[PDB]
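Below you will find one chain, with nothing else, as structure tokens; this is the form solved without the RNA, and questions on how it binds or moves follow later.
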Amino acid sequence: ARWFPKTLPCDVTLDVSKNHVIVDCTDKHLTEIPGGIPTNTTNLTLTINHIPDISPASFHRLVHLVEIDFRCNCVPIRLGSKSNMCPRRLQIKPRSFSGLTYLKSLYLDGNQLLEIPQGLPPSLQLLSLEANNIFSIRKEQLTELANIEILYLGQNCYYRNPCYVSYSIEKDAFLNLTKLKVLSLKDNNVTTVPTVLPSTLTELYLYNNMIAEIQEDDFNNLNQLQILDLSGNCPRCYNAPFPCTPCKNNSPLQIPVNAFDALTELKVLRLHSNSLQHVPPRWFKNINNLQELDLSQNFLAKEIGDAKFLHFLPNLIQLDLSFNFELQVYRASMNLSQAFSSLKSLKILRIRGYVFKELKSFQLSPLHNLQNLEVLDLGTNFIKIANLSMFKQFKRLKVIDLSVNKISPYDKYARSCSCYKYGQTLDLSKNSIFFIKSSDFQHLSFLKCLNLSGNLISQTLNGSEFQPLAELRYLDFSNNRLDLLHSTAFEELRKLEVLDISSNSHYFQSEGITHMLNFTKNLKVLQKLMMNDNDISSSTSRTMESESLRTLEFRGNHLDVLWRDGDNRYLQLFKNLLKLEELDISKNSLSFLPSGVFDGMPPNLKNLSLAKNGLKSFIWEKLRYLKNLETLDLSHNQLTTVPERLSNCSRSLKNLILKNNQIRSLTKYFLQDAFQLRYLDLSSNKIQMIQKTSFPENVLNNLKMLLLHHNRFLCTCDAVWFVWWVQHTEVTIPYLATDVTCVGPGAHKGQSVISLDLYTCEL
């Protein structure tokens, strides 16, 4: 099979057309760059680790490197897991990167470097220096980066990682980086925008700084700029869960009217959390092509009423206007201006946090003609009165989000080291609807999904509540109180395809009342039924029935009492679900499967899930009754023994998952003749030795994956074939270097199974 046992503890990828060889040691706790790295590599990854420093010998022989990823090898005080200390920062020797003529990108984020490393090659196009302790930028240290294109100098001075002085940037330190395109100076205690900036900028991220004023000659040359993030300078700090220093006298970021003049190619402009009170239309005079405009967390609740500046944004695609309420004001209505009708190309419109009382009909009348409008977000407004029949006018929409309301009948780019596919959606999750009348959902026939999760509705549905929802294809009814007393529940939902009644545990917990679990017979096109976490322990109906159900999730219920000893009533509880192909009876406290349930399983079953149950002994010779099973999932159980011969058990099994089980050693003919299998998982067990007789490469040659890590191989010389095969076969076994370790004997504890070579075995 192989004569090249490669002990390199990091993965390798080969895309010979891309001419790329990617060797990634991510989260591998190495104390040094290993030897034997191929000279063929292009991308190298050395993130969270314990590497002490760099040296010219680090990348000595590697000329074909285009990418080095050295992120966060000594995390700052508050920015990383403080179970892993470095004794001090990283140190980079002189001429530590010059020998990399083909280098193009380099990530040194989170490494407590105090100044920018020098000697980098001129071919470098990217450079990430975030979460470091560089709080001073001078021209002479940027002399070497005259060809750079991406420069991430963020998170160098802020509350998670402080430096106690404002960012200093000397005059025109960035000017002669003529190829510079992206510059992210976020979270750097910067006090002024660093003029003069290169004219070839396309993205400038100055957000979360202490910039209080903008000068008129500040964005004066950037005419190829497309993104401008000025978010969080002079923030809105009330009730902020993070340390934030507002401006003086509660002032908004002072931007002159003629500041966005030279910006003509501007496409994104984020002014989130600027304590803004007005937004002049003169800002948007020259920016013709603005697409996205963030204006959250300001004091614009009075501007949203006027909002003159929207007549200048005819190409606007997004408009975030969330969280602009005035403290201690609970408005009776939303006051959107008539200037919202000039947003011809608008698609998304989030106005959460406008806190107000009643959503009436004609308050959204400006939006009655935005033909491209799709999302209409109105969560977290504490609305109380809202006639849902007023959305017979927003039919062409795609989401009508009305979550956390009360209706009744910092750094989101911090790279630390559903219903919508079905059509129109009405999200009424987490409102205060305590019962369902059919007349409420009148005029909402077009609805293809309805989320009612979290309303805590206590109701015995008798098949009349959702009558006008004629086209409904998805219904989320989780986290409610459903009384399944009638089998005619959900009967008028004729086109329904998904039904979620999970976490409706209240009445299913009760003992003695009826639970008509055959309510699915009348649902002709239902494809998926989620009813997990319902504590279903009893059922008046002896069977479930549906000629179309294909998925059933039944996890977090009580099937041990339904399948109690001597109780043959609910043995064929699923047998009549004919098209069913994926059962998820997991976390059902099942301590043993009563012999006979497998004869009462649907015929076309394909993907079974028995995870986290408590299975003390799951018989296998009954698998033959499932002549279509492919994805048996028994992870996180308490089995002890494996089948005698997986050939004799199932003739179609291909996805066994015995993760986190209690197995101590497999059989002598385990995978004997069982060719059809294509995936297996014995991770996190107590298995000790695995011989050859049960693992013929006749079978192994086709296994796409196989996991045996975190278990208890005692790696003595009883396992010579184990050694030779595990470090000389090409069966994929992930983490073959770090987590599948050896328990013994003694001096060979903590050994790798790939680092195994017992020479004195046949001496």
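Numbering starts at 1 and runs along the sequence shown.
Looking across the other entries that model both neighbours, is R78 missing in at least a third? Residue status for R78: gap in at least one third of the other entries.
Is it the case that at least a third of the other compared entries omit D411, given both of its neighbours are modelled there? Comparison shows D411 dropped in at least a third of the other entries.
For the stretch from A259 to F260, please bin the deposited residues that the model skips: none, 1 to 3, 4 to 9, or 10 or more. Gap size class: none, per the record.
Residues of the deposited sequence that sit between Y410 and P409 yet are not modelled: In the record, 10 or more residues between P409 and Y410 lack coordinates.
This next part talks about the form deposited with the RNA bound, which is not shown.
Looking at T693, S416, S439, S418, which is the one with a non-hydrogen atom within 4.5 Å of the RNA in the entry with it bound? Going through each option in turn, the one that passes is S416.
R71, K181, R236, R270: which sits within 4.5 Å of the RNA in the entry with it bound by any heavy atom? Looking at the other structure, the residue within range turns out to be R71.
Answer for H50 alone: is it within 4.5 Å of the RNA in the entry with it bound, judged on heavy atom distances? Yes, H50 is a contact residue.
Mark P252 yes when one of its heavy atoms lies within 4.5 Å of a heavy atom of the RNA in the entry with it bound, and no otherwise. No.
May I ask you to state whether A131 is within 4.5 Å of the RNA in the entry with it bound, using heavy atom distances? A131: yes, in contact with the RNA in the entry with it bound.
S432, heavy atom within 4.5 angstroms of the RNA in the entry with it bound: Judged by the heavy-atom cut-off of 4.5 Å, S432 is well away from the RNA in the entry with it bound.
Pick from 639-647, 158-166, 331-339, 392-400: which stretch has non-hydrogen atoms within 4.5 Å of the RNA in the entry with it bound? Comparing against the RNA in the entry with it bound, the contact stretch is 158-166.
Within 4.5 Å of the RNA in the entry with it bound, all of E292, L367 and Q371 (non-hydrogen atom): Not one of the three qualifies.
Which of the residues spanning 64-90 lie within 4.5 Å of the RNA in the entry with it bound, based on heavy atoms? Contacts from 64-90: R71, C72, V75, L79, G80, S81, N84.
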